[PDB]
Amino acid sequence: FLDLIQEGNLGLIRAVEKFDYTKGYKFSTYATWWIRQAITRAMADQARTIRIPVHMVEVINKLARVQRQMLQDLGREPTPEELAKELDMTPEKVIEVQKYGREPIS
DNA sequence: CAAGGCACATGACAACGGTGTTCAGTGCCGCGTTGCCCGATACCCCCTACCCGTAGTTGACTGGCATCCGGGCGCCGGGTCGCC
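So the first sequence is numbered by the deposited numbering: it starts at 300 and just counts up by one.
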């Protein structure tokens, strides 16, 4: 948690360095974007034991959230072909990213 | 009856027979190993597809988390604030 807080502080430093009153709005609304940017970047780059590239992180979390949405909607485990058409990629990519989306056991 | 004269064979005599050595010369032919000719190959090129890193995204949105008790048991050892 405090490590995330540190990273958000870095994102704030960036946003502050990249802010002025030329925008007719509060700093916080503008900042929330940079803060989430830095936090998501670090979560993609430093959270897992195995280092996963950013596009791979977004692929996995996108397929995960949409699969969860299918679980909530259908009330049943979506069949892999359904997931493949939903993500629009092939089942091969589905299994690839799924297996790439695990964590070690200590 | 004894001596002298003719047949057949006989002591050597070389020279062929046949074959065995030996010289001496030149090969014969055993294997070892060279010189070719091909097929494939690793190694340069070009092209685009896709992974991987970087940079933005403007209503507002200003302090979190769940801890933890039934060890148990004793000791050391230091700290810690009263004590007179």
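Note that beta-carbon positions come from the ideal geometry of N, C-alpha and C, so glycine has one too.
Own chain partners of residue i with C-beta closer than 7 Å, once the 5 adjacent residues on each side are dropped
i	result
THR348	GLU402 and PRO403
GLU306	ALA337, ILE338 and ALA341
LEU303	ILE338
Integer Cβ distance of residue i from residue j, believed to fall under 8 Å
i	j	result
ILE359	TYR399	7 Å
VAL396	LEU362	6 Å
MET369	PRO377	4 Å
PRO379	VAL393	6 Å
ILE334	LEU311	6 Å
Helix, strand or coil at residue i according to DSSP, with G and I counted as helix
i	result
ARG335	helix
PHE326	helix
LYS317	coil
Own chain partners of residue i with C-beta closer than 6 Å, once the 5 adjacent residues on each side are dropped
i	result
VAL353	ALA343
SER327	none
Checklist entry - Of all the alpha helix (DSSP H) runs that stay within the bounds of the segment 337-396, which reach a length of 4 or more residues? => result Segments of the alpha helix (DSSP H) lying fully in the segment 337-396: 353-373 and 379-386.
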